[PDB]
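Sequence first, structure after; it's an experimental one.
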Amino acid sequence: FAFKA
Amino acid sequence: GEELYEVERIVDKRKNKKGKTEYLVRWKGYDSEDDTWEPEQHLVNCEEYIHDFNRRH
Ligand code: NA
């Protein structure tokens, strides 16, 4: 998973 | 709270100005036109996919 920014 | 999205692949790696590693993320259920550079510290349990990228490059 990743934080998308 | 902050939003998490599923990663399909790590397709590239770079160093930013500051010296922090960024990764180019392929998002699961999206295609290449939507790949984004993410700080290393945005990746959750991606160690196996970073391994796969490093093996391919
Ligand atoms: Na784009």
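Right, received. Where do you want to start? Numbering: from 1, shown residues only, chains lettered A, B, ... in the order given.

Would you mind naming what in chain B lies close to chain A?
Where chain B comes near chain A, counting by CB under 8 Å from any CB of the partner chain, the residues are B:2-7, B:25, B:27, B:36, B:38, B:42-46. Every C-beta, even on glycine, is put in place using the N, C-alpha and C of the backbone.

Return the member of those nearest to residue B:14.
Distance from residue B:14 was checked for each of those by CB to CB. The minimum falls on residue B:38, at 10.9 Å.

Run a quick check on the closest one versus residue B:26, I expect a contact.
No. Proximity of residue B:38 to residue B:26 does not meet the contact threshold set by CB atoms under 8 Å, at 11.0 Å.

which SS state does the residue of chain B positioned farthest from its centre fall under?
When each C-alpha in chain B is compared with the mean C-alpha position (CA atoms, centre = their mean), residue B:1 comes out farthest, at 20.8 Å. Three-state secondary structure (criterion: DSSP: H, G, I helix; E, B strand; the rest coil) places residue B:1 in coil.

residues in contact with it?
Residues in contact with residue B:1 (CB atoms under 8 Å, 6 or more residues apart in numbering or on different chains): none are found.

try the one 3 residues further on
Shown in contact with residue B:4 (CB under 8 Å, 6+ apart): A:1, A:2, A:3, B:44.

Phi, psi for it please.
Backbone dihedrals for residue B:4, given as degrees, to the nearest 10, come out at phi -100, psi 140.

Most neighbours among the residues of chain B next to chain A, please name it.
Counting neighbours by other CB atoms under 10 Å in any protein chain shown, residue B:25 comes out on top of these with 26 neighbours.

surely that residue meets residue B:39?
No. At 10.5 Å, residue B:25 does not count as touching residue B:39 under the criterion of CB under 8 Å.

Chain B: helices as residue ranges?
B:47-56 (DSSP state H).

For the longest strand along it, which strands pair with it and how are they oriented?
Of all the elements of type strand in chain B, the one with the most residues (DSSP state E) is strand B:7-15. When sheet partners are counted by DSSP bridges, strand B:7-15 sits next to strand B:21-27 (antiparallel).

So which residues make contact with the partner strand?
Residues lying outside strand B:21-27 but in contact with it, judged by CB under 8 Å, 6+ apart, are A:2, A:4, B:5-16, B:32, B:34-40, B:43, B:46, B:50, B:53.
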